[PDB]
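Here the protein sequences come in this chain order: R, O, Q and P. Under the authors' numbering, the residues of the first sequence are numbered 1 to 333, in order. Under the authors' numbering, the residues of the second sequence are numbered 0 to 333, in order. Under the authors' numbering, the residues of the third sequence are numbered -1 to 333, in order. Under the authors' numbering, the residues of the fourth sequence are numbered 0 to 333, in order. Each residue gets a CB set at the ideal place from its N, CA and C atoms; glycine is no exception.
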Amino acid sequence: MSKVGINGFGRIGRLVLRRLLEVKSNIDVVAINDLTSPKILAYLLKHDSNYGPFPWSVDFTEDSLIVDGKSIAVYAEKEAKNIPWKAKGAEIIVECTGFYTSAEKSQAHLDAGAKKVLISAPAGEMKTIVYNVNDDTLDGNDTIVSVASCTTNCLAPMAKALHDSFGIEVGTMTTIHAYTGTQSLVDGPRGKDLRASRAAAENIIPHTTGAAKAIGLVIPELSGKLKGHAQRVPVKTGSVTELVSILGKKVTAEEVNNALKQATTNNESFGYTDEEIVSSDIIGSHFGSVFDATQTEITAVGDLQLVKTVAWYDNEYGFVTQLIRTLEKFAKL
Amino acid sequence: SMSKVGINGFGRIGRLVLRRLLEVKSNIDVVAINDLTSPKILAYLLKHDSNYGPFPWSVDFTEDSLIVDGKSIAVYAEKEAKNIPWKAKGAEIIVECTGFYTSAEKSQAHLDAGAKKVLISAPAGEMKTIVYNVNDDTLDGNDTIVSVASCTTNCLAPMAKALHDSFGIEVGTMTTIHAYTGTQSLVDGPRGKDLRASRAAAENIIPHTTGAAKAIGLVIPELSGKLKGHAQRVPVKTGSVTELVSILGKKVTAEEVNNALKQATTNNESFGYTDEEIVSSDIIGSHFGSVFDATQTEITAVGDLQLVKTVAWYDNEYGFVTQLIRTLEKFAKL
Amino acid sequence: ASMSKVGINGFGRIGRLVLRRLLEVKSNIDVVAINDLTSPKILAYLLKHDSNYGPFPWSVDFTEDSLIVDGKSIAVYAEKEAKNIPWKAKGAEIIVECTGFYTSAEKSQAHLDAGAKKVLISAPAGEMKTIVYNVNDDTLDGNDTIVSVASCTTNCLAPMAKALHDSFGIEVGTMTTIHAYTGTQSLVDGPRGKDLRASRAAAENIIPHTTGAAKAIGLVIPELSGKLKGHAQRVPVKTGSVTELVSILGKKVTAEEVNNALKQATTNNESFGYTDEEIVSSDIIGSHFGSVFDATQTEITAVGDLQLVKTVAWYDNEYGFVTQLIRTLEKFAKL
Amino acid sequence: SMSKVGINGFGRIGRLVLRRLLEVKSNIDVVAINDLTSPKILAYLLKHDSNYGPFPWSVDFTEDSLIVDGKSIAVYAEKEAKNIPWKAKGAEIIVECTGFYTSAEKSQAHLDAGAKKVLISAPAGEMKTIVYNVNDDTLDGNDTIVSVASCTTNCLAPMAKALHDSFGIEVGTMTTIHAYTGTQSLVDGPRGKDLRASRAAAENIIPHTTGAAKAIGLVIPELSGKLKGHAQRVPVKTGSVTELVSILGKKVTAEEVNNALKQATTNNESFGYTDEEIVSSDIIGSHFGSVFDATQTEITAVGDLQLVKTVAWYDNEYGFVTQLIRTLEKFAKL
Ligand SMILES: NC(=O)c1ccc[n+]([C@@H]2O[C@H](COP(=O)([O-])OP(=O)(O)OC[C@H]3O[C@@H](n4cnc5c(N)ncnc54)[C@H](O)[C@@H]3O)[C@@H](O)[C@H]2O)c1
Ligand SMILES: NC(=O)c1ccc[n+]([C@@H]2O[C@H](COP(=O)([O-])OP(=O)(O)OC[C@H]3O[C@@H](n4cnc5c(N)ncnc54)[C@H](O)[C@@H]3O)[C@@H](O)[C@H]2O)c1
Ligand SMILES: NC(=O)c1ccc[n+]([C@@H]2O[C@H](COP(=O)([O-])OP(=O)(O)OC[C@H]3O[C@@H](n4cnc5c(N)ncnc54)[C@H](O)[C@@H]3O)[C@@H](O)[C@H]2O)c1
Ligand SMILES: NC(=O)c1ccc[n+]([C@@H]2O[C@H](COP(=O)([O-])OP(=O)(O)OC[C@H]3O[C@@H](n4cnc5c(N)ncnc54)[C@H](O)[C@@H]3O)[C@@H](O)[C@H]2O)c1
Ligand SMILES: O=C[C@H](O)COP(=O)(O)O
Ligand SMILES: O=C[C@H](O)COP(=O)(O)O
Ligand SMILES: O=C[C@H](O)COP(=O)(O)O
Ligand SMILES: O=C[C@H](O)COP(=O)(O)O
Ligand SMILES: [Cl-]
Ligand SMILES: [Cl-]
Ligand SMILES: [Cl-]
Ligand SMILES: [Cl-]
Ligand SMILES: [Cl-]
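Given below as structure tokens:
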């Protein structure tokens, strides 16, 4: 299988294409489904507010995109069951619309003639993969798999290293997170979520995330031991996750940091920095998560000890690089 | 005399319509609201405003209503206007603020649904179109559907009218540097067919079409076909400014243009004047439709060839709403 | 009827709102003098036009050496060094110190040398009486001459910590505040003292930032010295900020139980408010509280007998902090 | 030799100057940098850029130097240019990017400090002022202090040149909608005597004077006195756009203007062309001084009279910098 369809050519969907081409994958994107014309998807692909001009040629026809000389079909089917995946033989669907985050929903891509589905979001009780953490759990028999959220790919490698070195007995996270398409431009209805209805570029907005609640799926031993949430803020991309943990051993900052450095060495998914970076330095990062040793903090009072560890993430591109790693491997089995 | 109002589209404009009605202690009585959501969500949005802060009156809700300052207001959720039960509470004048009924053909559905008149908060083609204190004397008892044009029109028109009256505008072109609005996009993604509107509004200067100058003839007939213009949408949440570059009908100095504008703003509740070094946030919550800024006036001349740039600020949300309400209160007494 | 005469040093974001708040509440204090680094014209323009709070609610004019505010004169000086400020010329006896450059006993001493009697500093100023109104203002007496009101963050954190302490005990905790950007940061990438992160464009980044609010909490709640640490993340909102605290408390608790203890702590408490509405930061702008506890963000995380407790409070680091500074100033001035 | 360069002001422009020189593999050799801080801090700023991302070469520092791509650059901290020890490493041409030496009299100080020539990164009064590919042919061997004018001059000049050559410009006025810069304020507070410059830059539309139009005569002598203009500073970090409204010497169509402009941009490394529906973030990183935008051309005509609006984008940081470097590469070989 090296024949891929993208459902939802949005922020994540367009970067999936950018990244496959950046690394010369032997995967060919042959079809795209969205809700618009080829002309509009081409304008969007060619001109990116966050990452600049497309590095390759982009043109269109009435029913297709021409990207670096290759034709890619464009469909506009609102319901995934009606998508002609069979037409160009789309074998693996990268599902990035947000409207098919379950086994039962992404089932419709199978019923429309696809073999597998990789969902770019948490998708309930299914095999959920952070690359370089639990991707060894994938087999030939898997059809519909999830890569969880940007936050889950940030949190998990940091949690994994802490759990391996020290044990995490209990923990809570806060991610300070760039605003996304789920939020609003101006104050107005955004389904049931009251907070999501508020102008995203003019507010700090508390926001639910299951990254920590559903970490059980990626790190089985931490199942039900983490909770967390987000504060969405007015940066366009680039985020950071703080974890506060009661660990299984007394530790020093240097000790926590050395252990993290160890876990990041020749680790293409998980980086390290000892530099005084800010969110914009993470934009275009090729990691899922970059641990920041400068923000490590140990608060100790006797027996009791709280350990704050902080990792950066490019929630768009960084998360994507993880999505592509997982995709390449899903596609070889 | 016609005191009972329905609001269709309880959005940025619709919410502030109510805020401004209560602020001026109008005898107009908002009896019903229609939108696409629950009373709970509307009540949340009404209490809490990112641009203007906490609502100055109490806000609660029921399964089917808002309770604002102790007074009950019915809430309906009908997406097609012809199905709004305006008769239940005797809603007579509908303030149409959804963006989806911007023509006589479309807004007449409120009449079908049992209302008496419609005031549309946006341009709506070739119909009676009013900028208060510019052409509100053209209203009469036979007007049943009326437009107040756009924020931009309520800014430009009084500046243009003043220049028309004192000097003549032979030809001109407008550019408005305008706050982003809910028609734009939060992140890069499709936004109908307008390519530019697909781009992240808070992270970009975005060129944007607007008919304010194009359709000025509806408000000042003698300027019909003599102006063009466009917008540059920028990352401020509200507050905007309009520059007009004109060939006037007479040779002028900057001091002469400013005195003529000052005279037009004197005792004019719709049209302010300033020569303070203000910036956009100083216009947020303005009670004018337009505020002429004398500090930005510029005369460029070479022999007989003269270009005149005049500039006016406007709070495209609340300030425009003050005009909307002035127009509503007159409409209702006809 | 006590009419203390006040001078303001540093007519900045905080200094200006101090005057705004004093007139807003009709305080008996008269502000008789202001010192900054500029002309009365520039100070008048800034007082009149405010990007966060809108137009000044009172008339503002200037002469070559004064502001005229609602028809009252306020002398204007421009003395880089506080010892040269002529506070005696208009009888200014209580200086509200808001420049950032006199944050110690030894430095603010200069206001007394120059003829003032008391100084209240609008920031942490080391080992000195450090007041969060409605937490420890009863430590104030007639013998105090130089006092601090700590930071905005201390004024957010201390009431929430106080109530948790009083109700449950806190064994240990750690704080993160997601904080509006301020004048100590940069507009564009460029040198800002010695703090590398402060050099980066404030409106375009999440910027980690050290704050002493947790570390020095003991000056305000002595039982908690050494028990808390924390830091900030600076983000692109112009004002309005939120403080999270992750605590191990000395009792097992539920969320409801935590939220009820906080509610009771906020009852008839002019300094410390409560919400259970789904507010966001722009809803805190213009708050008349130093801190507003948010019941909606309370989180208990539990395994066996291990419980982590997250509590969260909003604050307008500008106006809200200023209401606290003014309460503290009214009491300080009457002693 | 004249291949050895010092940078005064290692700021937004100073650092991108070094970035650009390395990017085009110039045989210019930056031997010295002066600013007001430590090499630690300069190294941190060069390595990590909020607008352009990570520096593409290595950066380390010592107590008195930077090491950029393995090459040592001396760092001084002399707030008065007369005291900068340029002779120590033999800096002959100074790229003056502080903003504090924007006159012949002031930049003379670099020559008394032992340098041979100064290139000022801003307007600087009546001295030879260069927009590359408009009037770089005017530089000669004897010039010791020159200007590259502003970002806005580099954007306006080539558009005005093309219009001037093809149709004549009788008179015209300009408005640039311009990214905020370091002369503005993060929070409301004193900023010298420009009142508007004291207002929070990322929360306002802020009008602002610029000499781009007024001083155009230095770059295109025939347009001396024929243009005026100003800016509206808005909340984007870099990337700007310039609109010019002109009375031309001929009657024209939109297509005719667009084709003339397209001709002037053909094989022009300094002056780009687009007919794509771009927005400001699309110009960030541009290797042009100016990119004419055909999509925004507008002809407003009534009988005999005509106004023509033409629009060009520019990356006021990197794009302007690319013109500065073209000019410096010629300057160094005269
Ligand atoms: N942006 C992030 O930071 C981020 C990070 C990790 C994961 N994700 C996840 O990836 C998914 C996509 O997020 P995004 O940021 O790219 O969203 P987006 O809104 O930018 O993109 C959604 C795209 O899907 C299209 N679409 C919507 N409904 C559709 C349908 N029924 N059929 C076909 N196309 C449809 C839209 O037109 C749009 O192009 C979401 O599930 C999100 O939770 C997002
Ligand atoms: N925001 C401005 O600056 C501004 C200024 C002047 C005029 N206007 C005009 O006012 C109108 C409203 O603008 P807005 O900014 O308040 O938009 P908005 O998106 O904030 O509000 C639209 C509201 O109408 C609701 N709505 C959408 N479709 C509906 C339907 N079929 N039936 C009932 N409700 C529906 C939405 O749920 C929302 O509450 C538009 O025509 C706009 O052009 C806007
Ligand atoms: N969020 C907040 O802004 C906030 C909250 C709580 C406490 N504080 C504290 O209050 C103090 C002021 O903060 P700000 O935000 O008002 O700063 P600011 O920069 O807005 O104001 C400082 C003012 O002091 C002037 N100044 C500088 N040095 C001076 C000197 N030697 N003499 C006289 N005037 C001088 C400046 O011209 C400016 O007007 C700081 O100590 C700060 O930590 C700030
Ligand atoms: N940023 C733009 O958009 C832009 C575009 C075109 C031209 N310019 C011009 O280029 C020049 C620099 O602009 P910038 O945006 O890089 O400014 P900036 O504030 O980022 O850079 C100024 C640099 O000079 C240093 N400095 C200040 N005074 C000094 C002194 N006496 N001696 C040595 N160093 C000193 C500062 O520390 C800083 O590193 C200005 O003249 C400006 O007009 C700027
Ligand atoms: O731009 C982003 C999407 O619509 C939502 O992504 P999210 O699920 O990460 O909030
Ligand atoms: O949908 C939200 C706004 O109404 C759009 O306002 P606008 O029509 O002025 O762009
Ligand atoms: O100049 C001082 C700043 O305006 C205030 O910032 P701070 O509250 O971070 O100290
Ligand atoms: O600090 C200097 C500013 O960055 C320069 O830009 P400007 O002079 O074009 O405002
Ligand atoms: Cl037009
Ligand atoms: Cl517009
Ligand atoms: Cl600490
Ligand atoms: Cl001019
Ligand atoms: Cl400018």
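Contact check for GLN183/Q and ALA200/Q: beta-carbon distance about 4 Å, within the 8 Å limit, so the pair qualifies. DSSP places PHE270/Q within a strand segment (E or B) once states are collapsed to three. Around the beta carbon of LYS332/P, a 10 Å sphere encloses fewer than 16 other beta carbons of the protein chains shown; the residue is thus reported as exposed. Listed along the chain, the chain P residues whose CB falls inside 9 Å of the CB of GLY52/R are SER280, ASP281, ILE283, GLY284. Between ligand 12 and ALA31/R, a heavy atom-to-CB distance of less than 7 Å is absent.
Relative to ligand 2, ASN82/O has its C-beta separated by 7 Å or more from all heavy atoms. Not a single C-beta of chain Q is nearer than 8 Å to the C-beta of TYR313/O. Comparing alpha carbon positions, the residue from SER71/Q, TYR317/Q, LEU45/Q, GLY5/Q closest to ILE92/Q is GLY5/Q. Here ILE176/Q is near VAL240/Q, since their CB atoms are less than 8 Å apart. Against chain O, the beta carbon of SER197/Q has no neighbour under 8 Å; the closest one sits roughly 22 Å away. Going by beta carbons, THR299/P and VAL251/O fall outside the 8 Å limit.
Remark: the shortest separation between the CB of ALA230/O and any heavy atom of ligand 10 falls under 7 Å. Classified as buried, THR128/Q has 16 or more neighbouring CB atoms from the shown chains inside 10 Å of its CB. If you draw a straight line from the Cα of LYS227/P to the Cα of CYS96/P, it is about 25 Å long. Cβ atoms of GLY167/P and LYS249/P come within 8 Å of each other, at about 7 Å. Between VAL130/Q and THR152/Q, the beta carbon gap of about 6 Å places them in contact (Cβ cut-off 8 Å).
The chain-ordered list of residues whose CB is nearer than 5 Å to some heavy atom of ligand 6 reads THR180/O, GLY181/O, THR182/O.
Remark: C-beta atoms of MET158/P and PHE291/P approach each other more closely than 8 Å. Put simply, the backbone Cα of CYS154/R is about 6 Å away from that of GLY288/R.
For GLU268/Q, no chain O residue has a Cβ inside 8 Å of its Cβ, as the nearest lies near 17 Å away. For the segment 70 to 127 of chain P, the full-length alpha helix (DSSP H) segments reaching 4 residues or more read 103 to 111 along the chain. Each residue's CA atom was taken as its position, placing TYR272/P and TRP312/P some 9 Å apart. Not a single CB atom of chain O sits nearer than 8 Å to the CB of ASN132/R. With its beta carbon less than 8 Å from one in chain R, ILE277/P belongs to the interface. Remark: the shortest separation between the CB of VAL186/O and any heavy atom of ligand 1 falls under 7 Å.
Contact between the segment 190 to 197 of chain P and the segment 190 to 207 of chain Q is absent: fewer than 3 CB-CB pairs across the two stretches fall below 8 Å. Judged by their CB atoms, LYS225/O and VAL320/P are not nearer to each other than the 8 Å cut-off.
Shortest gap from the CB of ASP111/O to any heavy atom of ligand 1: 7 Å or more. Think of a sphere of 9 Å around the beta carbon of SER49/P: the chain Q residues whose beta carbon falls inside it are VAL186, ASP187, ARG198, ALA199, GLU202, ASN203, in chain order. Not one heavy atom of ligand 8 lies closer than 7 Å to the C-beta of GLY69/O.
In the three-state scheme derived from DSSP, where H, G and I count as helix and E and B as strand, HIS163/Q is classed as helix. With distances taken between CA atoms, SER120/Q lies nearest to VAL145/Q out of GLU77/Q, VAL145/Q, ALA230/Q. For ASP292/Q, the pairing in a beta bridge is given by DSSP as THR273/Q. At least one beta carbon of chain O lies nearer than 8 Å to the beta carbon of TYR43/Q.
Residue-level contact check: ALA300/O touches chain P, since one or more beta carbons of chain P fall below 8 Å from its beta carbon.
Per DSSP, the unbroken alpha helix (DSSP H) holding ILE12/P starts and ends at 11 to 22.
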